[PDB]
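1. what's the 3D shape of this:
(2 chains)
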Amino acid sequence: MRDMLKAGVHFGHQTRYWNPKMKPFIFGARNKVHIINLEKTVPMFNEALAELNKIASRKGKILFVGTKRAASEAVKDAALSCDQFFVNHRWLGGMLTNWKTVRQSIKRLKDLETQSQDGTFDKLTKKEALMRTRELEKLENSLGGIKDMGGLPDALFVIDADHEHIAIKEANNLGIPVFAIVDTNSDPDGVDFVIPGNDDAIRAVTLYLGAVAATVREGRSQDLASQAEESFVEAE
RNA sequence: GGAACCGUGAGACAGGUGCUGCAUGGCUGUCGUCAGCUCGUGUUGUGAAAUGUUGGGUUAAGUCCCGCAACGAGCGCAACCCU
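-> Numbers count the residues shown, from 1 in each chain, chains lettered A, B, ... in the order given. Pasting the structure now:
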């Protein structure tokens, strides 16, 4: 299970771009950063982790959102260790509301790939072929992780409430729990299960995203494994 | 006896570039070949509406690229015919 006393990674972040709604989580600004209370972060870890093991052992799906280039690679690897979905590139208009029509773009993607592998690849004009390549590119970029969705999630995990604020809104009107590791620059009231921690920093986001993923595989039907996201921490 | 056309007598009836196109169909002229004009759904607003068609680069052009709650689509453009 998780370990306490993480005063060598997370803690405070962001200079003076804070939101007054985050005072109950700030220790005390010193020369620059506001600094977060590691004493309050722990109790949050427990409450947030408790609700986690609930949906984990309940066979509930989670959607890890991460558009920020600070945890772009971490959000995927963490979502790979477990059988969960994720959004790494960019968050479309009516993916859940207008599911049917949106999937028609997925079917065309699979239909074009089957036509690009070898079957009738260079039969028609090249201009029309180059047209199928662009469509594939555009489709593969936006339909990268939503291609595995065949039915409408139980919860969403964000890395920053403000950056993925759009994901927070749609998750609120739908009545879906929201887990996320945000800091001073945000509104905690929007997160029913918030984790006061550094939003940025690769070594910061990987810790929890790796511990949370580890707590998911355990208490489900799998054994704990070493985090491969640590190799990406060498970005420093 | 009787089909046909035809002529006279008799009956029932036609016809009108006669008016109104501000009662109209159809067709045509014109601003225009001028270049853009809109829709479905989502989001924002009490609402009329807005967003998307704004912004940066670029082009003969919403031509294209980049960014962006927008995602797609239709008429137009382009392409498909002839000299």
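2. For the residue of chain A found nearest RNA strand B, grab phi and psi.
-> Among all residues of chain A, residue A:93 sits closest to RNA strand B, at 2.9 Å; criterion: Cβ to the nearest atom of the strand. C-betas here are computed from N, CA, C, even on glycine. As for residue A:93, its main-chain torsions (degrees, to the nearest 10) stand at phi -90, psi 90.
3. Give me the distance between it and residue A:166.
-> 10 Å (Cβ to Cβ, to the nearest Å).
4. One more: residue A:73?
-> Here residue A:73 is placed at a distance of 22 Å from residue A:166 (Cβ to Cβ).
5. the more surrounded of the two?
-> For residue A:73 and residue A:166, the more surrounded residue by other Cβ atoms under 10 Å is residue A:73, and the numbers stand at 18 against 11.
6. where's the more buried one, which helix or strand?
-> Taking DSSP states H and E as the definition, one finds residue A:73 inside helix A:72-81.
7. after that helix comes which helix or strand?
-> Using DSSP H and E, the helix or strand that follows helix A:72-81 towards the C-terminus is strand A:85-87.
8. where do the helices sit along chain A?
-> Secondary structure of chain A by DSSP state H: the helices cover A:38-56, A:72-81, A:99-116, A:126-142, A:165-173, A:202-217.
9. and those helices as JSON lines, adding distance to RNA strand B?
-> Below are these laid out as JSON lines (distance: least, Cβ to the nearest atom of the strand, whole Å):
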{"stretch": "helix A:38-56", "distance to RNA strand B": "24"}
{"stretch": "helix A:72-81", "distance to RNA strand B": "14"}
{"stretch": "helix A:99-116", "distance to RNA strand B": "6"}
{"stretch": "helix A:126-142", "distance to RNA strand B": "6"}
{"stretch": "helix A:165-173", "distance to RNA strand B": "5"}
{"stretch": "helix A:202-217", "distance to RNA strand B": "20"}
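10. got TSV for these, with distance to residue A:152 too?
-> Supplementary listing: those in TSV, determined by distance: least, Cβ to Cβ, whole Å:
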stretch	distance to residue A:152
helix A:38-56	16
helix A:72-81	18
helix A:99-116	7
helix A:126-142	18
helix A:165-173	12
helix A:202-217	21
